[PDB]
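S.K.: Please see the structure below; I have some questions.
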Amino acid sequence: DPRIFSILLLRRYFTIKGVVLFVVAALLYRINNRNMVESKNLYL
Amino acid sequence: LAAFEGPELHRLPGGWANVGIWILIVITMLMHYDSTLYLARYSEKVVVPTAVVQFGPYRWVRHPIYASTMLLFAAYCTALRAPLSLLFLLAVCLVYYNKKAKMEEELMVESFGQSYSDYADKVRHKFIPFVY
Amino acid sequence: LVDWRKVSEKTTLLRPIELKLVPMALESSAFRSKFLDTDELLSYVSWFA
């Protein structure tokens, strides 16, 4: 129910804490799609 | 039959084509929960309704619990992208659910009098919205 | 749709500020007749708010 979010949203530390987890999640997702060996053939 | 007629496992795509099963599963869970809650918030005992429920999915369809079970059936069958098994599942579940819906509908018609009659006149579609 | 003559004959003992607050209470009592649930109305009210 959007009101459940909205009551807490309408009520400096929290934003920075939430944006740190944003760049950490971005890092983990970006590292997640690449194979550790990009060139299997050139190392083969 | 959905398992077998469906293709081999890791070849089905991803990306933006796997959002449909997400939203359909969310819809069937939401509609089933609403149907069960609206059916259980009025009955005194386990299944003993007092008034007629005509709220939530009941104002779109006469049997939303059965159609939600139907829709998660279709969700599993559509996750593996097999239309024919979805159709046969639809046929058999339509037959049995329609039989059981007919007995329960005549029971509440007999038991409640005009109330369920006008409720059924308000919403005719028994299983699928404006299809059945 | 409301014949206000008979409503005036039903509010003879009343006062102008209550004569002003009559219509919304009248609509509420009109909505009282049908059969409806609290939580659906509450959900719609929350969504619209």
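S.K.: Taking the Cβ of each residue in B:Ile25, C:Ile17 as the centre, tally the other Cβ atoms inside 10 Å and list the residues starting with the fewest. Walk me through the numbers on the way to the answer.
M.R.: Details: B:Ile25 16, C:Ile17 8.
Listed from fewest to most nearby Cβ atoms, that is C:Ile17, B:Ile25.
S.K.: Also, I was wondering about something else. In this model, which of B:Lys122/C:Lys6; B:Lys122/C:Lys34; B:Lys45/B:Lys100; B:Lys99/B:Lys122; B:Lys45/B:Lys122 are farther than 23 Å apart at the alpha-carbon? Could the numbers behind the result be given before it?
M.R.: Details: B:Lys122/C:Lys6 34 Å; B:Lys122/C:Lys34 14 Å; B:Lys45/B:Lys100 21 Å; B:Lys99/B:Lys122 21 Å; B:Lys45/B:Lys122 27 Å.
Too far apart for the 23 Å limit: B:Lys122/C:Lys6; B:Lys45/B:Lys122.
S.K.: Say a paramagnetic label sat at a point 7 Å from the Cα of A:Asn33, along Cα to Cβ; which residues of the range B:1-41 have their backbone N under 18 Å from it?
M.R.: Inside the label zone: B:13-19.
S.K.: Another question, if that's okay. Over all directions, what mean area does the Cα convex hull of the range B:1-73 project, stated in square nanometres? Working shown, then result.
M.R.: On the way: hull surface 26.9 nm².
With the hull built on Cα positions only, its mean projection is 6.7 nm².
S.K.: A further question follows. Per the Kirkwood formula on distinct C-alpha pairs, the Rh of chain A is how many angstrom? Numbers along the way, then the final one.
M.R.: Values: mean 1/r = 0.0713 Å⁻¹.
By the Kirkwood definition, the hydrodynamic radius is 14.0 Å.
S.K.: So, one more: Between B:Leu24, B:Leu12, B:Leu94, find the one with the highest GNM mean-square fluctuation for chain B; connect C-alpha pairs within less than 10 Å.
M.R.: B:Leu12
S.K.: Here is a further query. Between the range B:78-129 and the range C:21-48, what's the alpha-carbon centroid distance in Å?
M.R.: Result: 31 Å between the Cα centres.
S.K.: In degrees, nearest 10, range 0 to 90: what is the angle between the Cα axis of helix B:83-112 and the longest Cα principal axis of chain B?
M.R.: Once rounded, the angle reads 10 degrees.
S.K.: Let me ask something else about it. Could you tell me how many degrees, from 0 to 90 and to the nearest 10, lie between the Cα long axis of helix B:20-40 and the main elongation axis, the longest principal axis, of the Cα atoms of chain B?
M.R.: Taking the Cα atoms of chain B, the angle to B:20-40 is about 20 degrees.
S.K.: Taking the Cα centre of the protein assembly as shown as origin, sum charge times position over the Cβ atoms of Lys and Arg (+1) and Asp and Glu (-1), and report the length of that vector in debye to the nearest 20. It would help to have the intermediate numbers written out before the result.
M.R.: Details: 26 positive and 19 negative charges, 148 e Å.
Value, rounded to 20: 720 debye.
S.K.: Normalising by the residue count of chain B, find the relative contact order in percent from Cα pairs under 8 Å and 6+ residues apart.
M.R.: Details: 103 pairs, mean separation 42.3, N = 132.
In percent, rounded to a whole number, it is 32.
S.K.: Put one equal scatterer on each alpha carbon of the protein assembly as shown, apply the Debye formula with no solvent term, and list log10 I(q)/I(0) at q = 0.11, 0.14 1/Å to two decimals.
M.R.: Taken in order of the listed q values, log10 I(q)/I(0) reads -0.89, -1.10.
S.K.: Would you kindly calculate the translational diffusion coefficient of chain B, applying Stokes-Einstein with the Kirkwood radius from alpha carbon pairs, for 37 °C and a viscosity of 0.692 mPa s, and quote it in µm² s⁻¹ without decimals?
M.R.: On the way: Rh = 16.3 Å.
My calculation gives 201 µm²/s for D.
S.K.: What are the semi-axes of the equivalent ellipsoid of chain C, taken as the square roots of 5 times the eigenvalues of the Cα gyration tensor, listed largest first and rounded to whole Å? Mind showing how you got there, number by number?
M.R.: Working: eigenvalues 169, 35, 14 Å².
Each semi-axis is the square root of five times an eigenvalue, giving 29, 13, 8 Å.
S.K.: Just to confirm the number: angle between the C-alpha axis of helix B:64-79 and the first principal axis of chain B, 0 to 90 degrees, nearest 10?
M.R.: With rounding to tens, the tilt is 0 degrees.
S.K.: Quick one: Cα centre-to-centre distance for the range B:1-56 and chain A, in angstrom?
M.R.: Measuring centre to centre over Cα atoms gives 30 Å.
Heads up, the Cβs are rebuilt from the backbone with ideal geometry, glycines too, and the neighbour counts pull from every protein chain shown. A short reminder: the numbers here are calculations on the coordinates, not readings from a lab.
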